[PDB]
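Notes follow once the structure below has been shown.
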Amino acid sequence: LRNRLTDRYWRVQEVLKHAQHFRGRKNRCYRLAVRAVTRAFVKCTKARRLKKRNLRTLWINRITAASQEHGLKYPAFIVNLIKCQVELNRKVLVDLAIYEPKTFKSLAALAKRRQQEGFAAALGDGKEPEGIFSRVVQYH
Amino acid sequence: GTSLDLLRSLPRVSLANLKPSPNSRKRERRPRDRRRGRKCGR
Amino acid sequence: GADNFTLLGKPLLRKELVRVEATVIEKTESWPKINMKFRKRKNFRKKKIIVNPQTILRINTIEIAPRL
Amino acid sequence: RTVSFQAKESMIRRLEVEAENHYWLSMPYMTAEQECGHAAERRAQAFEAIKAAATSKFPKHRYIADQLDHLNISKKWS
Amino acid sequence: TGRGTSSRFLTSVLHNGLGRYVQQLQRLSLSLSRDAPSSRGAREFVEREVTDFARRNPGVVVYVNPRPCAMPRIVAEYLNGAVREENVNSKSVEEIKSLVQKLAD
Amino acid sequence: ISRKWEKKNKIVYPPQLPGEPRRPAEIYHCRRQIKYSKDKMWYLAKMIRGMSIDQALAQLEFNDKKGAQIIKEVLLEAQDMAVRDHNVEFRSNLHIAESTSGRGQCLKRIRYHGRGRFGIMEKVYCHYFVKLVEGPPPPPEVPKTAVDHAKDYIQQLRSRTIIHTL
Amino acid sequence: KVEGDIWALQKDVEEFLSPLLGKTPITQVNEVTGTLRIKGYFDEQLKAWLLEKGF
Amino acid sequence: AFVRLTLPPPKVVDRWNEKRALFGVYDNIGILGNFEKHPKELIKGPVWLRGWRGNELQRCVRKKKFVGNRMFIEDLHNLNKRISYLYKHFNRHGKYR
RNA sequence: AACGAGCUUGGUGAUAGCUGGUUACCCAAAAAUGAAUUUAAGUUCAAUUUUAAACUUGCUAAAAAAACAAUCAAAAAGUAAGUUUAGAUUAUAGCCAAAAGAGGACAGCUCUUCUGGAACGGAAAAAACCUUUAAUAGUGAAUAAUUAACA
RNA sequence: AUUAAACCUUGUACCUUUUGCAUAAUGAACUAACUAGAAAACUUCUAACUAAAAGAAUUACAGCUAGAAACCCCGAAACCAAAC
Ligand SMILES: [Mg+2]
Ligand SMILES: [Mg+2]
Ligand SMILES: [Mg+2]
Ligand SMILES: [Mg+2]
Ligand SMILES: [Mg+2]
Ligand SMILES: [Mg+2]
Ligand SMILES: [Mg+2]
Ligand SMILES: [Mg+2]
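Note that the protein sequences, when read in sequence, are chains A, B, C, D, E, F, G and H. Quick note: the first sequence uses full-length UniProt numbering, first residue 10, plus one each step. Quick note: the second sequence uses full-length UniProt numbering, first residue 9, plus one each step. Quick note: the third sequence uses full-length UniProt numbering, first residue 141, plus one each step. Quick note: the fourth sequence uses full-length UniProt numbering, first residue 25, plus one each step. Quick note: the fifth sequence uses full-length UniProt numbering, first residue 2, plus one each step. Quick note: the sixth sequence uses full-length UniProt numbering, first residue 41, plus one each step. Quick note: the seventh sequence uses full-length UniProt numbering, first residue 112, plus one each step. Quick note: the eighth sequence uses full-length UniProt numbering, first residue 32, plus one each step.
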């Protein structure tokens with residue numbers, strides 16, 4: 010016994026301190042806790058890049074709900090807003106609906122009008138001045 | 009000389025300050041880590 | 141936007157119309173974050189503590205001018 | 025299995041992209057003869073840099089200050 | 002560790018930026034050894050950097066208490082009452098200077 | 041071995057101010073190395089919990105279990121050392137605040153089997169702890185009424201917030 | 112067995128050997144050991160070159 | 032695991048005792064003393080490994096050579112078996128051939 | 001108290017091409033083909049791979065012309081590797097899809113040759129098919145395969 | 001993640017092993033302690049002196065001397081000797 014590890018207590022503590030909230034023997038036995046913790050760390054790493062995709066799917070649900078109140082499907086709302094050259098991401102649009110309902114109606118009406126203008130342009134062929142909102146600003 | 013002059017300014021040479029010449033020694037690889045443990049190179 | 145009107149840029153408003161002023165309240169770093177790649181022989185030690193710098197800002201004032 | 029409608033549209037678009045690539049590759053700016061020797065100078069210089077790196081391998085300079093600097097570890101306040 | 006750890010919401014001390022910005026760092030205390038290799042880097046910090054830092058931040062009371070010591074220690078006190086101590090054992094002046102600036106901010 | 045339940049009986053609190061509520065008495069008694077199982081003893085200890093000492097000395101007397109007499113003895117020692125050495129005015133002003141049984145040191149012996157084989161036998165002992173607190177038994181738990189059940193549901197709904205947004 | 116400022120010796124050798132090779136020779140200066148190292152064999156040229164200086 | 036519930040006693044080393052103070056003196060007895068004595072002659076140790084170093088198999092054989100005839104029966108038997116084990120290891124086993 | 005030949009001690013740490021095991025972090029590169037062998041549960045060599053060093057042309061492509069879609073390859077060009085020297089192993093059973101022969105100038109089946117792969121995305125199933133240059137924090141964004149068919 | 005412990009979403013134990021696949025097949029009830037890579041011929045790296053190096057015998061057509069740097073564990077059926 011010339012050399013023995015005098016600090017193995019803290020090595021076990023590092024693994025165990027990450028297992029107290031568990032249930033069963035895994036929260037107190039090193040042979041069982043250690044296996045449980047690794048999965049806990051791996052899932053935490055594979056879930057940092059799944060809250061960025063679920064939080065977006067949440068937004069699409071709420072934007073689909075928001076536009077439907079004013080009579081617009083989700084595809085029509087987003088596409089037309091871009092076609093008007095206004096760029097608002099799916100995170101603020103949900104904020105606008107929840108906390109600024111009156112402003113969202115303006116966006117819904119604006120998106121609806123461009124949709125109507127686009128329909129008119131396709132329906133009316135030839136050289137005709139496009140809708141007032143249909144006009145696209147150019148940056149050089 | 010000029011190099012000898014630098015030694016005068018530096019602290020006293022003692023048994024603590026001793027250092028081996030750069031790259032003179034090598035790391036002795038032991039079998040206790042994943043790269044060099046498990047099947048242990050065999 | 142306001143209670144009764146809103147102004148939308150295409151895609152940005154002109155500087156004269158809107159001036160947003162903020163202050164740098166505090167500069168910090170993020171709490172330790174655990175990265176552990178899904179791989180065979182995961183082990184408990186093949187884990188890295190990612191930490192990032194952070195700053196906190198207060199949006200002091202949003203002011204508008206009659207230059208429509 | 026039935027071929028999906030969206031799948032047909034996707035490949036048709038890819039076919040169009042490749043088909044156009046035929047067109048842009050059918051108009052060579054320079055003929056075979058006109059190409060010969062036009063870039064000889066640049067190529068030769070590039071290889072010379074490669075050779076210089078390969079034959080410049082050699083150990084590094086050693087300094088007394090670096091080794092004597094280890095004594096600074098024992099610096100103190102009088 | 003997210004489920005295994007506590008959490009909170011974004012917050013300030015006393016609405017720091019609403020009125021006048023007040024520096025949160027309140028006090029820094031550094032203990033050093035006259036003759037110790039580990040505290041050599043910190044001794045350089047006191048010689049040069051400490052004076053500049055004290056003037057730059059005049060709301061941070063700085064205490065330097067050289068004593069026979071094994072590990073140099075920096076203790077940071079904030080206005081909300083929170084304490085923070087970081088070990089400076091065998092850290093060069095560059096590391097300490099960067100480390101201290103994080104504490105002030 | 042660790043005898044800490046014995047020491048807790050010696051704690052001295054500081055004198056009270058003239059209008060402070062009169063501190064209820066606490067007594068700490070136990071018996072060790074009882075020839076009985078800790079699992080069997082728990083049922084007896086659990087029974088008496090939250091009862092007076094003249095209501096726990098009656099239920100025990102008519103139980104057939106061996107431990108009933110053992111517990112009764114340490115519920116009478118506790119009832120005597122409280123009045124004499126802990127200044128409890130009335131014998132009938134006590135109630136069993138806590139009571140549980142703990143493992144003791146055991147002995148290892150050989151239980152023989154039928155083919156030249158055997159198994160390891162353990163002769164089991166246990167300890168039994170009781171605390172008595174001066175005062176009538178705290179009134180029992182009152183089941184939640186239907187109105188109380190309904191109120192919690194509303195309170196739960198009221199706490200609702202809009203999640204994952206400003 | 113170099114003594115004094117070894118760097119001056121390196122500069123002098125670099126000029127001396129450059130015209131023959133047509134390029135600056137690759138060299139190492141070991142200040143602690145007081146030696147100068149040159150790639151390739153130039154023993155004969157350097158011996159005479161050092162002889163002229165009188166070292 | 033379990034750790035001590037009290038601090039162990041302080042260990043005090045006197046670095047200016049006679050043995051430590053004069054450690055190393057006469058290590059250059061040869062070059063400074065007209066090579067009368069080789070420094071290896073100053074080593075205190077087993078007779079078979081004063082001023083000598085080798086691996087265990089060589090060490091085993093060298094111990095036998097110097098004191099093979101003055102050893103106890105059991106010690107000599109163990110040494111013989113120790114030599115035969117090492118011989119088959121170093122001459123018939125190992126990763127490299 | 002288990003005799004195809006008792007038991008105890010010693011030889012003895014018997015020997016095992018066989019089974020099992022072989023304890024900190026980090027960065028990087030990285031393959032089951034040919035030959036012989038009481039050989040096919042092994043080893044040795046070639047080939048591959050690797051660390052270092054030396055100095056100079058290498059890979060794709062390669063017109064005409066040969067020997068007949070290959071074996072060979074010159075000017076070019078796109079591009080950065082290739083050769084020699086010193087040291088060193090493990091490896092020497094593949095798995096599945098898609099092409100082409102060849103066994104009965106068959107399909108299959110067994111081989112042989114070339115090509116590709118080893119998701120967190122997709123295809124009821126889902127290591128092998130299709131989309132995918134490494135890994136990092138963000139309550140950003142544009143996208144791929146596909147989400148069956150309306151004959 | 002969350003206002004909220006559980007409900008909601010995502011997720012086919014570990015090691016060894018088989019092909020680079022397992023819903024296989026081996027091994028683990030749990031805790032504490034113990035429990036398995038070792039040698040310098042050739043090479044690389046670092047220095048001392050240098051047609052010489054080495055504190056006797058050695059090597060040399062830039063060598064020579066010194067330093068550092070390497071090759072595990074457990075397990076048979078058996079065989080022989082001598083007692084009992
Ligand atoms: Mg070793
Ligand atoms: Mg019997
Ligand atoms: Mg039992
Ligand atoms: Mg092959
Ligand atoms: Mg064979
Ligand atoms: Mg074999
Ligand atoms: Mg088992
Ligand atoms: Mg063995």
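Don't be surprised by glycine CBs; every beta carbon is placed ideally from N, CA and C.
Coil, strand or helix - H16 of chain E by DSSP: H16 of chain E falls in the coil class under three-state DSSP.
Can you determine whether any heavy atom of ligand 1 sits closer than 7 Å to the C-beta of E36 of chain B, and answer yes or no? Yes, since a heavy atom of ligand 1 falls inside the 7 Å radius drawn around the Cβ of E36 of chain B.
C-beta neighbour in chain A for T12 of chain E, strict 8 Å: Interface residue (Cβ-Cβ distance to chain A less than 8 Å): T12 of chain E is not classified as such.
Kindly list the residues whose CB is nearer than 6 Å to the CB of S39 of chain E, restricted to its own chain and excluding five residues on each side of it in sequence; keep chain order. Sequence-distant partners of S39 of chain E (beyond 5 residues in either direction) whose C-beta falls short of 6 Å from its own C-beta, in its chain, are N90, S91.
is_contact[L23 of chain B, chain D] using C-beta, thresh 8 Å: Taking Cβ atoms only, chain D never reaches closer than 8 Å to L23 of chain B, which makes this a no.
When you compare only the Cα positions, how much space is there between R9 of chain E and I51 of chain F? Each residue's alpha carbon lies about 41 Å from the other.
Using 8 Å as the threshold, is the C-beta distance between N17 of chain E and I202 of chain C below it? The Cβ-Cβ distance between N17 of chain E and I202 of chain C does not fall below 8 Å.
Between the region 37-49 of chain B and the region 72-83 of chain D, can you find at least three pairs of beta-carbon atoms closer than 8 Å? Too few Cβ pairs lie closer than 8 Å, so no.
At 9 Å on the CB atoms, spell out the chain E contacts of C53 of chain A, in chain order. Annotation: Cβ neighbours of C53 of chain A in chain E (cutoff 9 Å, chain order): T2, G3, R4, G5.
Is there a Cβ of chain D sitting closer than 8 Å to that of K34 of chain B, yes or no? Not closer than 8 Å to any Cβ of chain D, the Cβ of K34 of chain B fails to qualify, so no.
To be precise: take each residue of the region 175-202 of chain C, compare its Cβ to all Cβ atoms of chain A, and keep it if any distance is under 8 Å. Which residues remain? Within the region 175-202 of chain C, the residues whose Cβ lies closer than 8 Å to some Cβ of chain A are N175, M176, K177, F178, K182, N183, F184, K187, listed in chain order.
Secondary structure of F29 of chain D, DSSP reduced to three states: DSSP places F29 of chain D in helix when its eight states are reduced to three.
Please indicate yes or no: does the CB of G159 of chain F lie closer than 7 Å to some heavy atom of ligand 2? Taking 7 Å as the cut-off, the C-beta of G159 of chain F does not count as close to any heavy atom of ligand 2.
How far does the alpha helix (DSSP H) with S17 of chain B in it reach, from first residue to last? Element bounds for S17 of chain B: 10-17.
Cβ of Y57 of chain H within 8 Å of Cβ of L73 of chain H? Yes, Cβ-Cβ distance for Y57 of chain H and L73 of chain H is below 8 Å.
Chain B contacts from the region 82-100 of chain D (Cβ-Cβ distance under 9 Å): Using a CB distance below 9 Å, the part of the region 82-100 of chain D facing chain B consists of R86, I88, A89, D90, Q91, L92, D93, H94, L95, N96, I97, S98, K99, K100, ordered along the chain.
Answer yes or no: do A96 of chain F and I136 of chain F have a C-beta to C-beta separation smaller than 8 Å? Contact: yes.
Mark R71 of chain A as exposed unless 16 or more other C-beta atoms lie within 10 angstroms of its C-beta, in which case mark it buried. Buried is the call here.
Can you say whether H69 of chain H is buried or exposed, counting buried as having 16 or more other CB atoms within 10 angstroms of its CB? Its Cβ having fewer than 16 others within 10 Å, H69 of chain H is exposed.
For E169 of chain C and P84 of chain A, the rounded distance between their alpha carbons: The alpha-carbon atoms of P84 of chain A and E169 of chain C are separated by roughly 39 Å.
DSSP beta-bridge partners for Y152 of chain F? As DSSP reads the structure, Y152 of chain F sits in a beta bridge with F:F158.
Report the start-end ranges of each beta strand (DSSP E) in the region 97-135 of chain A that is 3 residues or longer and not cut off at the edges. Within the region 97-135 of chain A, no run of beta strand (DSSP E) at least 3 residues long lies entirely inside it.
Taking Cβ positions, are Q25 of chain E and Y79 of chain E nearer each other than 8 Å? Annotated as proximal: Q25 of chain E and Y79 of chain E, with beta-carbon spacing under 8 Å.
Against chain A, with Cβ distances strictly below 8 Å, would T205 of chain F count as a contact? For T205 of chain F, the answer is yes, since a Cβ of chain A falls inside 8 Å of its Cβ.
If you reduce the DSSP assignment to three classes, tell me which class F169 of chain F lands in. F169 of chain F: strand per DSSP, three-state reduction.
Let me know the secondary structure DSSP gives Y64 of chain E once reduced to three states. Collapsing the DSSP output to three states places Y64 of chain E in a strand.
Candidates H:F103, H:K50, H:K71, of which the one nearest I60 of chain H by Cα: It is H:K71.
Which first and last residues belong to the alpha helix (DSSP H) in which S99 of chain E is found? Following the DSSP letters along the chain, one finds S99 of chain E inside the alpha helix (DSSP H) bounded by residues 94-105.
List the residues that DSSP assigns as beta-bridge partners of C93 of chain A. In DSSP, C93 of chain A forms no bridge with anything.
In this structure, what does DSSP give as the bridge partners for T146 of chain G? DSSP, once it has assigned bridges, lists G:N141 as partnering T146 of chain G.
Looking at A85 of chain F: is its Cβ nearer than 8 Å to the Cβ of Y168 of chain F? Yes, Cβ-Cβ distance for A85 of chain F and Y168 of chain F is below 8 Å.
Are any of the Cβ atoms in chain A nearer than 8 Å to that of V98 of chain H? So, not an interface residue.
Straight-line gap, residue 161 of chain A to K177 of chain C (C-alpha atoms, nearest Å): Summary: the structure shown does not reach residue 161 of chain A, with chain A confined to residues 10 through 149, and so no result is reported for it.
By alpha-carbon positions, which one of A:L119, A:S115, A:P138, A:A129 ends up nearest to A142 of chain C? Checked all of A:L119, A:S115, A:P138, A:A129; the closest Cα to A142 of chain C is A:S115.
Please compile the residues from chain E whose C-beta is within a distance smaller than 8 Å of the C-beta of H30 of chain A. The contact set of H30 of chain A on chain E, defined by CB atoms closer than 8 Å, consists of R4, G5 in chain order.
Taking C-beta to C-beta, are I190 of chain C and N175 of chain C nearer than 8 Å? Yes, the Cβ-Cβ distance between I190 of chain C and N175 of chain C is below 8 Å.
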